[PDB]
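**Student:**
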Amino acid sequence: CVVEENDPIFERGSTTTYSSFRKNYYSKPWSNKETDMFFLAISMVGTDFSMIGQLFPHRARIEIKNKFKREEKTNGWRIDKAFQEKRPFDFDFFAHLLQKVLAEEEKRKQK
Amino acid sequence: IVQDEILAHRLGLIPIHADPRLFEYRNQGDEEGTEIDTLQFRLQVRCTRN
Amino acid sequence: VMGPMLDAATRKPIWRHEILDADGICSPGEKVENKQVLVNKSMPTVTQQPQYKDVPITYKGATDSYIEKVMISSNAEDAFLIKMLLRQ
Amino acid sequence: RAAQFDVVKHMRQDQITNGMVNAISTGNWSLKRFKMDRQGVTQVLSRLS
Amino acid sequence: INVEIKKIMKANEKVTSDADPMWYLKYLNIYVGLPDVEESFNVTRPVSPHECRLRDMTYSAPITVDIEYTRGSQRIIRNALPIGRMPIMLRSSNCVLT
Amino acid sequence: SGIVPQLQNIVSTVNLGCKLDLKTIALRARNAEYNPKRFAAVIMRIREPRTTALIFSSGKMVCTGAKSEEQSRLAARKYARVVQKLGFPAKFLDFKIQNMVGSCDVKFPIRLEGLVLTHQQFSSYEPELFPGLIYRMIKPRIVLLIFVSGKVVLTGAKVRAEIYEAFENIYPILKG
Amino acid sequence: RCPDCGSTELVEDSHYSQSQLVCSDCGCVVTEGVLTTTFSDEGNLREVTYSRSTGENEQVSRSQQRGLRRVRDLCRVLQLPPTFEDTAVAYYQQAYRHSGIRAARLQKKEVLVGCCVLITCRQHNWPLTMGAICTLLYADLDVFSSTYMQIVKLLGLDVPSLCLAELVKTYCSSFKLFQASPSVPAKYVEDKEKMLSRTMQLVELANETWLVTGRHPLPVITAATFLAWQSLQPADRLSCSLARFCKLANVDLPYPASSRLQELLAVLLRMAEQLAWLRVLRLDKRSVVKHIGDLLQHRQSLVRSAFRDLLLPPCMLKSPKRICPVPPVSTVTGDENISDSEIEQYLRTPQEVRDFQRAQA
Amino acid sequence: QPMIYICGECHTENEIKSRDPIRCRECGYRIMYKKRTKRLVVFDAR
Ligand SMILES: [Zn+2]
Ligand SMILES: [Zn+2]
Numbered sequence: 274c275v276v277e278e279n280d281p282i283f284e285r286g287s288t289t290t291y292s293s294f295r296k297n298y299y300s301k302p303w304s305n306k307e308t309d310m311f312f313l314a315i316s317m318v319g320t321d322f323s324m325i326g327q328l329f330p331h332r333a334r335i336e337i338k339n340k341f342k343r344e345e346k347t348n349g350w351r352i353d354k355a356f357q358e359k360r361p362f363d364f365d366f367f368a369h370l371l372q373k374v375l376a377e378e379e380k381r382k383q384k
Numbered sequence: 100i101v102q103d104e105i106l107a108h109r110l111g112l113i114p115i116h117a118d119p120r121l122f123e124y125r126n127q128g129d130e131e132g133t134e135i136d137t138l139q140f141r142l143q144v145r146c147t148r149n
Numbered sequence: 790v791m792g793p794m795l796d797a798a799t800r801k802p803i804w805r806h807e808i809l810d811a812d813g814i815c816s817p818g819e820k821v822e823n824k825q826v827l828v829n830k831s832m833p834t835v836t847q848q849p850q851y852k853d854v855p856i857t858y859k860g861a862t863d864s865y866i867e868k869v870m871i872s873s874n875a876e877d878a879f880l881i882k883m884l885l886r887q
Numbered sequence: 396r397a398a399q400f401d402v403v404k405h406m407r408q409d410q411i412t413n414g415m416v417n418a419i420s421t422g423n424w425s426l427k428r429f430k431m432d433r434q435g436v437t438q439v440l441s442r443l444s
Numbered sequence: 051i052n053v054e055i056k057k058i059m060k061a062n063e064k065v066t067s068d069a070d071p072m073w074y075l076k077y078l079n080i081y082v083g084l085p086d087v088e089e090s091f092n093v094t095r096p097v098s099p100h101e102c103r104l105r106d107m108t109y110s111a112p113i114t115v116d117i118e119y120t121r122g123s124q125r126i127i128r129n130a131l132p133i134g135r136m137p138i139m140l141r142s143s144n145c146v147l148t
Numbered sequence: 159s160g161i162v163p164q165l166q167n168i169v170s171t172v173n174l175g176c177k178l179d180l181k182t183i184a185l186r187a188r189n190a191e192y193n194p195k196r197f198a199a200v201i202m203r204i205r206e207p208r209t210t211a212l213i214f215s216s217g218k219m220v221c222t223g224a225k226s227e228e229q230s231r232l233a234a235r236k237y238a239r240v241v242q243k244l245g246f247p248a249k250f251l252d253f254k255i256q257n258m259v260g261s262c263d264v265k266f267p268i269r270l271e272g273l274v275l276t277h278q279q280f281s282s283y284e285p286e287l288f289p290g291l292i293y294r295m296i297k298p299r300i301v302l303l304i305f306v307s308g309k310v311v312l313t314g315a316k317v318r319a320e321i322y323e324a325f326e327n328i329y330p331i332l333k334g
Numbered sequence: 006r007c008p009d010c011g012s013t014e015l016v017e018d019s020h021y022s023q024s025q026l027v028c029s030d031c032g033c034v035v036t037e038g039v040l041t042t043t044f045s046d047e048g049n050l051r052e053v054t055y056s057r058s059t060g061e062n063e064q065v066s067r068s069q070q071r072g073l074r075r076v077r078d079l080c081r082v083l084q085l086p087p088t089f090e091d092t093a094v095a096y097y098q099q100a101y102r103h104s105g106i107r108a109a110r111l112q113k114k115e116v117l118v119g120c121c122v123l124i125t126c127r128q129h130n131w132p133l134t135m136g137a138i139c140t141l142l143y144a145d146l147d148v149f150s151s152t153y154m155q156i157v158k159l160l161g162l163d164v165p166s167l168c169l170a171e172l173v174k175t176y177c178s179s180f181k182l183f184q185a186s187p188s189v190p191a192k193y194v195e196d197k198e199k200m201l202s203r204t205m206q207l208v209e210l211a212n213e214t215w216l217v218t219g220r221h222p223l224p225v226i227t228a229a230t231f232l233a234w235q236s237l238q239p240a241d242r243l244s245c246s247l248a249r250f251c252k253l254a255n256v257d258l259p260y261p262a263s264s265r266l267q268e269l270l271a272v273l274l275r276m277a278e279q280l281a282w283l284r285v286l287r288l289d290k291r292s293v294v295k296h297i298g299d300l301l302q303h304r305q306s307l308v309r310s311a312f313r314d356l357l358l359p360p361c362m363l364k365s366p367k368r369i370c371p372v373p374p375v376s377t378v379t380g381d382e383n384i385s386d387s388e389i390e391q392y393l394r395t396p397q398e399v400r401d402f403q404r405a406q407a
Numbered sequence: 013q014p015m016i017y018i019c020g021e022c023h024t025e026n027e028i029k030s031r032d033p034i035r036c037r038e039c040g041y042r043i044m045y046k047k048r049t050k051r052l053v054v055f056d057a058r
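In order, the protein sequences belong to chains A, B, C, D, E, F, G and H. Residue numbering for the first sequence is 274 to 384, as defined by the authors' numbering. Residue numbering for the second sequence is 100 to 149, as defined by the authors' numbering. Residue numbering for the third sequence is 790 to 836, 847 to 887, as defined by the authors' numbering. Residue numbering for the fourth sequence is 396 to 444, as defined by the authors' numbering. Residue numbering for the fifth sequence is 51 to 148, as defined by the authors' numbering. Residue numbering for the sixth sequence is 159 to 334, as defined by the authors' numbering. Residue numbering for the seventh sequence is 6 to 314, 356 to 407, as defined by the authors' numbering. Residue numbering for the eighth sequence is 13 to 58, as defined by the authors' numbering.
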């Protein structure tokens, strides 16, 4: 037996209910430097959504897919420009840049 | 509101000042009636608010 | 409810459908005799074109009757209820 | 399922209504909890006068 | 309709099942209201006994009750939930003729 | 009607006539994605025609995003060449246009209730779920998404002539 | 027909408690007497249906029985007449004939029950939103809508349009503003008939001004009834808002409703500019409600003058100078191959392959 | 053909066609009587 664990809540009094029919999937927004680092990760790795999602702990796979699709639809010129230039795979400096982005977003949240 | 049959029965009981000697008996049938053996009384009353 | 089945010979409704109005429902004020219909009801036989068979409400009575009122109401089941008040 | 069941989705409202309507119209009362089987409880009101 | 029905509701105020304990359905208060007709689409409307005589329907009032239950161990309260229809005797306390 | 629709998406499949190893083509390609935990096919993207293809180990491949049948054929040939460069006897056999989706506009508002009242047996209009009316014409078997803005989307055809005739047939219905 | 003369003019006429067939020409009967059942036996005889007397209604799976009982309890909790229950169970038995429908999960069968009762209520002019139905279902509304579209594409049954007047009649009565309960001050109480008529006029105004096409009806109905409640007493109700009204009425307000309200308010402005006294008063978005009744008095000429100067979403009303831009014709494909360096660009180098293998090793 | 009826409380002449929901304007009553016929009827004073 529970003792003072739950609180009373009034919900759905059986009246005419509004037909929502909308599931607004919460997605974290995109910053400027975040967009730049996403573009450089694309230019370094390609269009492999798995590897991009692995190196983006603050993001999701479906969010990366939506961003890539919107970029291909809007800024195809910048997409091709990033795809033409290549850069070798970096791991340590990539982690340093991740820590820098963490510090930057922490300072932004402090503001 | 008064029934049609009750209204006709009440109208039938109303006496008429016509002299019966000047008229004759209606023959068998002849529901249309003739000038000699019938009389017509018109009653048209429309009630309305003052 | 079908309309009064007019006789093509005289362009007038038959003796059975004489008291019916334009909507097939008997109108108040007239006299009803034996073997006369009050509501020309027809119902489907399926429950491709629907097949309607006639089931009119005939008046069983030795003497004549006069219609005082005809009330038409509608329930939640979309069923039209027609009540005729015959007076003698 | 993990979808928690609630009574509101099964609160049949026609049960008591149909019971009352039938018991008043037909006039036969069958109470199994009391083993009472009565008939002629309700009668048509005479509108002769 | 004013005293005995409340006692009957109080006698069976709590109902629960043996399986899945800590689950219950608690009745708080039952009301009978005024006589209405469900002819309108999900709308109640005051109806006279003569109209019920004409339309071949019943002259009843919606019996509702306020309750509290547990869906997922989260207590949910309902303030107005109809549960039945009680035929209203003419010239009674809740009848429109009195 | 004076208005010509604009084809936006082309879907077409092609069989390679040989078995493929998805891990090999996903390992030596920069534009290849393969996550067997969720989907057991390889996703590739070619940039110049702006198209995306799905490759299966059974030898079937499908393309999406093309604007015309010729662009879809070019993309299929490019993907076949890519597969052949990875040490696979890919072939270009059994190529046929599967689906085409296009968009258009009428430049006047459209009453989505008069259509469902006059063409109930050809449409299923439910504004409570989706704002655009869904019209399903059976003679060409074309599905049309209509909006109050006047812009209409057509799908279900096999050739551009089918989209054109569907649009020229639905135009007087929308105008009336 | 007549056995002697052959006349086929036989008429059915009721004799003195006797039925017979007789010809009107020769008066000869061909068939007299009729056999009818007695009510003394009618109450003793029991009923037999076609399904039970053919072997059907016994080949009913436990899942089909659960589905029909679900239909029954769903139509009973809504207090539906038995005709609705009959039509719903008939539609369910008709839809359960498909092989793809019978072989499904419990969620599919439950949303099918929901869609069946929805179609049942849509048939006999009974408005009922899909939200109130999904409320009584242990499922989500997206899969419900998907299954609805699938079954209306597979069956193609009649689906009438949702009437706005009946929806207003069903939605306005849900408010507690008509009764002077202690939870609501007496200043907010109003008459049900006047509020219903005002809301009906406002939703008709919205219908004729393109405010029911595409958008959900319920937010428009809420905006209309809110404007009606405000116009019924702007002296003590203009300071309130839509959120305050929905909190007082104990009804979940639609999210876009306020925005819809704004649009309707704009329409009122486009009407207030036509009336001389209102265009001289120089009203605004707030002070336009007090004259809403006047706007409803001559709404026809007002909306005609407004449309002679249509309604579209604000996303496209930004003066689009380039409407459906024509793409360049680039259907060329070269001879056989445009270039080959693209393949060399898309492939992975051995160093890149090793880096990929090391990243997810 | 214009079919006319009379409501139960307002007593106004309402014209409705076949297969219509039985109602009346400016009210909500659902009792609809039929007007008296215009045909001639002969009565006996007996
Ligand atoms: Zn003969
Ligand atoms: Zn009236």
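Built from N, CA and C at the ideal position, the CB exists for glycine as well.
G349 (chain A): buried (16+ other C-beta within 10 angstroms of its C-beta) or exposed?
**Tutor:** By the 10 Å Cβ count, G349 (chain A) comes out exposed.
**Student:** Run down chain I in chain order and give the residues with a C-beta less than 7 angstroms from the C-beta of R396 (chain D).
**Tutor:** In the structure shown, chain I cannot be found, because the protein chains are A, B, C, D, E, F, G and H.
**Student:** Going by DSSP, which residues form a beta bridge with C19 (chain H)?
**Tutor:** Paired residues: H:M44.
**Student:** Report the three-state DSSP secondary structure of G260 (chain F) (helix, strand or coil).
**Tutor:** Correct three-state label for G260 (chain F): strand.
**Student:** Taking any Cβ of chain A, which residues in the segment 54 to 72 of chain G have a Cβ under 8 angstroms from it, in chain order?
**Tutor:** The residues in question: there are none.
**Student:** If the cut-off is 7 angstroms on Cβ atoms, which residues from the segment 105 to 133 of chain G count as contacting chain C, listed in chain order?
**Tutor:** Cβ contacts with chain C: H129.
**Student:** Would you check if there are 3 or more beta carbon pairs closer than 8 angstroms linking the segment 283 to 294 of chain A to the segment 130 to 139 of chain G?
**Tutor:** Judged by Cβ distances under 8 angstroms, the segment 283 to 294 of chain A makes contact with the segment 130 to 139 of chain G, as three or more pairs qualify.
**Student:** Quick check on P793 (chain C): buried or exposed, where buried means 16 or more other Cβ atoms within 10 Å of its Cβ?
**Tutor:** Buried.
**Student:** According to the Cβ coordinates, are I866 (chain C) and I881 (chain C) closer than 8 angstroms?
**Tutor:** Going by C-beta atoms, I866 (chain C) is not nearer than 8 angstroms to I881 (chain C).
**Student:** Please look up how many angstroms separate the CB atoms of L182 (chain G) and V208 (chain G), rounded, as I've assumed it's under 8 angstroms.
**Tutor:** Not a contact, Cβ separation roughly 17 angstroms.
**Student:** Counting only beta-carbon atoms, is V285 (chain G) nearer than 8 angstroms to chain D?
**Tutor:** Cβ-Cβ to chain D under 8 angstroms: no for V285 (chain G).
**Student:** In angstroms, rounded to a whole number, what distance separates the CA positions of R186 (chain F) and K225 (chain F)?
**Tutor:** Rounded to the nearest angstrom, the two C-alpha atoms are 29 angstroms apart.
**Student:** Run down chain E in chain order and give the residues with a C-beta less than 9 angstroms from the C-beta of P330 (chain A).
**Tutor:** Those within 9 angstroms of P330 (chain A) in chain E number zero; the least Cβ separation is about 32 angstroms.
**Student:** Taking only three categories from DSSP, how would you classify residue 397 (chain F)?
**Tutor:** No answer is possible for residue 397 (chain F): it lies beyond the span of chain F, which begins at 159 and ends at 334.
**Student:** To be precise: take each residue of the segment 256 to 287 of chain F, compare its Cβ to all Cβ atoms of chain A, and keep it if any distance is under 9 angstroms. Which residues remain?
**Tutor:** Answer in chain order: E286 and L287.
**Student:** Given the structure, does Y41 (chain H) come close to ligand 2, in the sense that its CB is under 7 angstroms from one of the ligand's heavy atoms?
**Tutor:** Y41 (chain H) Cβ: within cutoff of ligand 2.
**Student:** So the candidates are C:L884, C:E876 and C:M883; which of them puts its Cα closest to the Cα of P33 (chain H)?
**Tutor:** That would be C:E876, whose Cα lies nearest to the Cα of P33 (chain H).
**Student:** Please report the distance separating the alpha-carbon of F89 (chain G) from that of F429 (chain D).
**Tutor:** One C-alpha to the other measures close to 35 angstroms.
**Student:** For a contact defined as C-beta to C-beta under 9 angstroms, what are the partners of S816 (chain C) on chain E?
**Tutor:** By Cβ distance, chain E contributes nothing, its closest Cβ being about 19 angstroms from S816 (chain C), past 9 angstroms.
**Student:** Along chain C, in chain order, which residues have C-beta atoms closer than 7 angstroms to that of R37 (chain H)?
**Tutor:** Simply none; closest approach about 16 angstroms.
**Student:** Give me the Cβ distance between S323 (chain A) and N173 (chain F), rounded to the nearest whole Å; I'm assuming they're in contact under 8 angstroms.
**Tutor:** Not really, about 27 angstroms apart at Cβ, beyond 8 angstroms.
**Student:** Check the DSSP bridge columns for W303 (chain A) and list the partner residues they point to.
**Tutor:** The partner list for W303 (chain A) (beta bridge, DSSP) is empty, contrary to what the question assumes.
**Student:** Output the distance between the C-alpha atoms of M219 (chain F) and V240 (chain F), rounded to the nearest integer angstrom.
**Tutor:** Taking the straight line from one Cα to the other gives about 13 angstroms.
**Student:** Nearest by alpha-carbon distance to residue 186 (chain E): which of E:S142, E:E54, E:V146 and E:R128 is it?
**Tutor:** Residue coverage of chain E in this structure runs from 51 to 148, which leaves residue 186 (chain E) outside it and unanswerable.
**Student:** Mark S282 (chain F) as exposed unless 16 or more other C-beta atoms lie within 10 angstroms of its C-beta, in which case mark it buried.
**Tutor:** Flag for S282 (chain F) reads buried.
**Student:** Out of F:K177, F:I183 and F:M258, state which residue places its alpha-carbon closest to the alpha-carbon of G314 (chain F).
**Tutor:** Taking only the C-alpha atoms, the option nearest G314 (chain F) is F:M258.
**Student:** What number of angstroms, rounded off, separates the C-alpha of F246 (chain F) from the C-alpha of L178 (chain F)?
**Tutor:** If you take the alpha carbons of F246 (chain F) and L178 (chain F), they lie about 7 angstroms apart.
**Student:** Measuring alpha carbon to alpha carbon, tell me which of G:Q206, G:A211 and G:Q84 ends up nearest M406 (chain D).
**Tutor:** Residue G:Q84 is the option with its Cα nearest to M406 (chain D).
**Student:** So what does DSSP say about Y21 (chain G), is it helix, strand or coil?
**Tutor:** Reduced to three states, the DSSP call for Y21 (chain G) is coil.
**Student:** DSSP three-state label for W234 (chain G), please.
**Tutor:** Helix at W234 (chain G).
**Student:** Please report the distance separating the alpha-carbon of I100 (chain B) from that of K57 (chain E).
**Tutor:** Their backbone Cα atoms lie some 50 angstroms apart in a straight line.
**Student:** Starting from the C-beta of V169 (chain F), find all residues in its chain whose C-beta is less than 6 angstroms away, skip the five residues before and the five after it, and write them out in chain order.
**Tutor:** Contacts found: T222, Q256 and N257.
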